[PDB]
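A.B. asks: Protein chains in written order, with the working numbering: chain A, 1 to 511; chain B, 512 to 1022; chain C, 1023 to 1154; chain D, 1155 to 1286; chain E, 1287 to 1674; chain F, 1675 to 1729; chain G, 1730 to 1784; chain H, 1785 to 1839; chain I, 1840 to 2005.
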Ligand SMILES: [Fe+3]
Ligand SMILES: [Fe+3]
Ligand SMILES: [Fe+3]
Ligand SMILES: [Fe+3]
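1. Should residue 130(A) be counted as a contact of ligand 2 given a C-beta to heavy atom distance under 7 Å?
2. What in chain B is Cβ-close to residue 1745(G), meaning under 7 Å?
3. So is residue 1070(C) in contact with chain A if we call contact Cβ pairs under 8 Å?
4. Fully enclosed by the region 696 to 770 of chain B, which beta strand (DSSP E) runs are 3 residues long or longer?
5. If you measure from each residue's Cβ to the nearest non-hydrogen atom of ligand 2, which ones come out under 5 Å, in chain order?
6. Find out if the Cβ-Cβ distance for the pair residue 47(A), residue 69(A) is shorter than 8 Å.
7. Taking Cβ to Cβ, would you say residue 1065(C) is nearer than 8 Å to residue 1097(C)?
8. Can you tell me whether residue 935(B) is helix, strand or coil according to DSSP?
9. Taking a cut of 9 Å between CB atoms, which residues from the region 1428 to 1439 of chain E lie near chain I?
10. Can you confirm whether residue 187(A), when its beta carbon is compared against all beta carbons of chain D, has any partner nearer than 8 Å?
11. Please list the terminal residues of the continuous alpha helix (DSSP H) segment that includes residue 1234(D).
12. Please state the DSSP three-state secondary structure of residue 847(B).
13. Kindly list, in the order they appear in chain A, the residues whose Cβ is closer than 7 Å to that of residue 1977(I).
14. By DSSP's criteria, residue 429(A) is part of a beta bridge. Which residues make up the other side?
15. Residue 1146(C): which of 1136(C), 1153(C), 1140(C), 1152(C) sits nearest, CA to CA?
16. Is the Cβ-Cβ distance between residue 66(A) and residue 563(B) less than 8 Å?
17. Output yes if chain A places a C-beta closer than 8 Å to the C-beta of residue 2002(I); else output no.
18. Indicate whether at least one CB of chain A lies closer than 8 Å to the CB of residue 1893(I).
19. Could you name the residues of the region 1038 to 1068 of chain C whose beta carbon sits closer than 9 Å to any beta carbon of chain A, in the order they occur along the chain?
20. Cβ of residue 1528(E) versus every heavy atom of ligand 3: is any distance shorter than 7 Å?
21. Let's test the definition: count the other Cβ atoms within 10 Å of the Cβ of residue 937(B) and tell me whether it reaches 16, buried, or not, exposed.
22. Would residue 1963(I) be called buried (16 or more neighbouring beta carbons within 10 Å of its own) or exposed?
23. Within the same chain, show all residues whose beta-carbon is closer than 7 Å to that of residue 740(B), passing over the 5 residues directly before and after it, in chain order.
24. In whole angstroms, what is the alpha-carbon distance linking residue 1242(D) and residue 1276(D)?
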């Protein structure tokens, strides 16, 4: 007819004028506390508009589901996965879910504190992303409950969450450590540290362990989750470059970096390490090597190393590498001991695994291996025994404390990881600590950290009562969601926990 | 604001007035010859509308291409497939492709011969269906060519198929047997026997043998192909009711029915059965059982048996069941004998196979088995031998003929199926037929069956030059696409075919 | 009704000359009328869910006790006596998302019998519609 | 170059005490700068084709000899000295269909380095954007 | 050919054998229902609900919370992560809310993608068809570039007003809703600029620079009270509920509805303009999508709370009344546009009828639901007082 | 086409709830589209069937 | 729509050359008549009656 | 839980091993392009041109 | 009963909040409770397990009473004690920028929260406070963070050192 065929307005022809959408008025300022107040007029690296963002993600979902729904369900990829790993994913998925859910709120602060229009469009797009990843992790549990071998814990993870101390930390690593604090700082705690360092081993490297043990559900979802997390990094980086160019704002960088780095790796390191090695059968490699690749050599190398742009190598790295070698071993002792709390089944390290540990962690058998052997001898896998490893901790004078800061359970009489007990008394309340950094955080700011631990709340309570109040049973009302073994025979009932009489004590009462 | 929120007006609400879209006028009549004059006041059994059609089909494409492009490329499902099946799918997919593609034009006749408006809508939807099915089959070849162990064949089965004898039959069964003839008869040839009897063993049954041999690409595509081939059946069956309700039209039915049945079974039964058993390592069940299931008992009893309407069992049925037992066994001999003509790699039956055939088709070893053994002893696989199983046919006086009608190759001296040589001459040309029905078809309609045969076209030609002209070679321009062994070493070359100097001769010339 | 509509009822389950005899002579050279129905459903999340929690449960017990489904490669071979009906608003409720017959028609691979949709209610039957 | 960019480049590939002895002392308790880059490509049909037919054959051979591709379970781990730039119009041409950067980011699973787009070109570099 | 270096527990024989040997004969719980405990809004639990409800780790001291204990880390000063003190509205349960359209992320982006691609095919068709020839040049050069392009900032400011809400929202459902609402708004703004860019493409001389409509927004007589309202709703409210409510249940429902529906989509048809109503359709569709969620949240859950009904209603009249005046001022100020219209484009009678449409709609859908005694005649009158 | 079909759905559901029908001329409605636009339907329908032979 | 119906009846049922049908439909009849009815009548006058549905 | 009664050459260890052992070292042909001989209207072949031409 | 979401502590405080029928008795009880059980500066830790829930169940009373007793302008601009929120806000921020160290700052901020936490002060003014207040407290705290030895830091906090493993 009249002229040719242009729709010649792509996303990038509209995005060219997106920066001008913002006008100068008076109260055009952030509604949040922040000490970072340099000019932050940065450009969004992936020049997205709303509809083109939606299209891209729609393509991801398009291929993602259907693989789930058509082929993987045909291949029965939800059953031909493998029990320990089936139980492991309840924790991995649900905890990622809440971490990525808090990322939405953290982005809310990043969005609100943004000064460029491109980034406000970008950060709301990121909000949508973290909402997606939420629904994605939500979908993994959904699928594994619907098609898997043990749906219990996959189906009610969000309330059976509440019985165990590992959950308490998860509400701090990639969550309260993000949203509860400085707003512009979220460029560091959420993005320079969280999404630039720990998302990789936790979302990418887990898929390997998944695929090694028959899970092809997790790779399809998680490897699509991370696809979004790379644009996040680049936009956070731009806020970082703004900070480091203002002498009045760069001064806050190193401490906040270090405070963030420790905050996350304090829980990240022992919990993901123990989920990989103790929650699987086929190992991909030692967790330290995963930790040394992603965290130390690549993240630290290409990010922290490159910045120097006076940015310092974290002070707590020395302790972290040590935690990277031992913390995950220290923690499974606790987790397996406190097995009647979780929403998942746990298993003892078999013979081939003990050899694997000893071969890659020299000293493992003499310390950990013998303990598991004793526990096995006492009948921890047998409901007719009347034994839980917690009893062994008490018999042998081995107290278990919860860090007031990180919420990570620890046992200073057994720990080979970089943890050291500290007990204080303030205003008629005693506070326990497992490192110098956490104790420094509470010493300076004791009003941020008032989180009641499982011992303070369950003090004077009988174990089975707590498990039953929080619906830790299965559909019969008899059987527990948690088990000390992974077989489907001779499962522990409620009356088997009530058979023994484990009443909780607040360990600090000993002082 | 306004009132409620209807987008209301879904499919079945516009469809209510579809039948009123046609208006009476003089030339409102078919452009194709037809002896069926009755009225097609037929309602499309699926109240389809163009946009809901596209929607439903888009959803299928979403999951299908998702699984293909995402998860199955991650499981390497294009490689982890038994080499025999990798070769078989070159024929199956490409032959089905042309079958479906011809079904487009066949439906174009049904669309033109239709009187109801709802069916003119439905038959353009059916036309579109066979267009999807065309692109789907092509895609299986496309995928296996780009991601498989031997793209040769898959990458040119539209010009290398022109060398073979099996391709000629294919251009009739689900091709010219549909589009060449009566338009209102395609309700019987294309639909009542094509889509309602044979697309189940040809699309649904194949998926089982595909999964048995490590292929999860074909089930993903093919099971999604057949999903449409039921709206076809119903919308064809509706025309059948029209015909059976008209005494002047019901007089042609049984003849057209039986003729279509035999026309199709003549090539479908042997070619597909031999494709299953001699093209797979892992067998699902004997072909006679697959055949007895879908054809004789199911389609026979469910459609044809129930119609007695006043419909009869096919007269050729007893001959058809005989072809079910031996014809496919008869055809692999010939097919293997003429292996350089193909575009795919064939293989001798190994020991288990050798005794699986005897276990299920007793009398097999004394007939087919010892021929295969002799052939291996002659060196049918070794490029140094100078042997091709066609020579054994000559030496032992077993002439190979091609039907003038069905185009199916047959050797009557050896045949255990229902093949019986009949030779006629008429105006200076001789004609070979293998059955009562086919030769009657020619005797009544010699102007329809003029298809030249392999020995006619290549008369006096040296096999190497035939192969070389039709591009039956690989990237090197030396090694043949087809091989007498499914292995990967010591492959035949042009020279290996030129060396033994095989010149084609018209068998009919020998009278 | 469930082993009678089995994929391997007589003369299947016979092999060798046990098969050939009853296959080649002589009442079996003629087609035998069947009151049954064949449904082929593609192996996916929705189909498995409808089969496991609707087809085998309330339908097989309250409506059609003759529905026999068998596992194959990537599909379900279903066979019943007379007919099979699929209420897709029932499925929609079970999935927790919008689902009509056309959403359901994504994974119904094949049919032996007459199929049709009455709104959002898919039914396949052995009755000859229009001449019975 | 290519092998210093391997996943298991030393000290990875040391076992037991030989690994601990290097992981626990002593100049390795502080962070070391790296001019490299990490690119995680999610495994798919489009991406495998790209790696096999553009990355390893054209880019590696003609622009960046140091790019190392390792096979993990569900993804490709890629590392290189300097940067990696992907013109997506070449991927579009090679896929035989329309394809922009946002189609490419569908299977770009992760990055270690500062990544960005400019037109339809995808860049991931070691260079600190805005400080250098 | 090449199978690769790595192995899988699914394909690899040895590993699979180990895994298959370890498998049970049946599931260890007969309950394949995720969120089986979640009380469903409708008859049976939906995917929307199952994948969304209780995703926020709230404790029982926040209505509907299931966890216990205090937040693990808090702000400097002691301010909690999520708390009851971030809003004036109060509930029995914060997880009661449902998007009646049941949007979670996947269907949301699917729908928008469709709209995006069809927009592309449309613009290609409209340009190739040459329908630009049938549009009045004055309406295009001035009324589309300057006055329609200035509404961009209204939708932009309205989108940024959701920023704090994305951080302070007190449940998963509301958070999901809010984000979608604000995201629809920024989409509409960009789609306005999309149209200016397109016009700049097929009409030579047309400048797509935002300079002109920006100057009409920043230093304008028509949108001055509008911008004042936007600046206020955006950057002077700290109650995330007050923000969302006042923007959707008061300001956009009156001013936004009038500008889009009763001006630009009522008047563009009369200048040969099928271009901008194409996008306004997306806009209105978006509005009526959001409206449904806004209604379920504030009226069905909050104002119909069997415990905090009269409290919420009182506070929502407060906000309704607090923000009703900058909106009427915004409307009265917008009326100075009908005087730059070419003669006989529309009359006082039509303008009045359109005002009553917006107002009667706002009464039926919003004000009445919380028992706000609004007087349509005084509102329409207050706005018409600036009809030049 | 599926994209078009669903956005059409969303559009109508929005138009009908947004009450844009009120501003529309009643004469142009029950006369100029109900009768004269609804008759171009058959024009396109015949134009559709003029492809049955080319397939 | 008399001459229009006549032209349609012709194009549809009185042409056996598939190329003639398709060409004459899209390159002659629709490109003139159809384009006028759709663009230069309805989607040009409809907006003048408060109709955004038909466009 | 329950893994049916039918086995696959992709999953089942017994069959998969058989298939694996039977595989070649490399593809028997490096020409992985379906429709490589098909003329391309533009510089490069497309799926449209591949899945359609010469069917 | 002695549970987590259900004990006798909560019942008693439910049956104790169900008598406060006046805003002044409600607002002070809330303010007092917040001085008793809320911070690290609290007067007791005996309700540590149940204080957040009961604070909320007292907030609900104060809010419903404040809205039922106030007009539209007062509810929007005034505390439950009758004070100009804008004045309390302006003053507290003035007091905060006059603070000399991290110690003076935290007492100001915490005190502001213990006293003027909603439904006492309107939400908008409060979070505007949190904005400026939290800004200053952070500015003063995170300077030379690691320069004060943990030994000296425990002194300044005024803690009673109970145990120190090495
Ligand atoms: Fe995320
Ligand atoms: Fe992120
Ligand atoms: Fe077909
Ligand atoms: Fe078909």
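Beta carbons are placed, not taken as given, at the ideal position from N, Cα and C, and that holds for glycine.
C.D. replies: Based on what the coordinates show:
1. yes
2. 542
3. yes
4. none
5. 195(A), 229(A), 232(A)
6. no
7. yes
8. strand
9. none
10. no
11. It is not in any alpha helix (DSSP H) - residue 1234(D) instead sits in the beta strand (DSSP E) that spans 1229 to 1235.
12. helix
13. 33, 35, 182
14. 426(A)
15. 1136(C)
16. no
17. yes
18. no
19. 1064, 1065, 1066, 1067, 1068
20. no
21. exposed
22. buried
23. 706, 710
24. 7 Å
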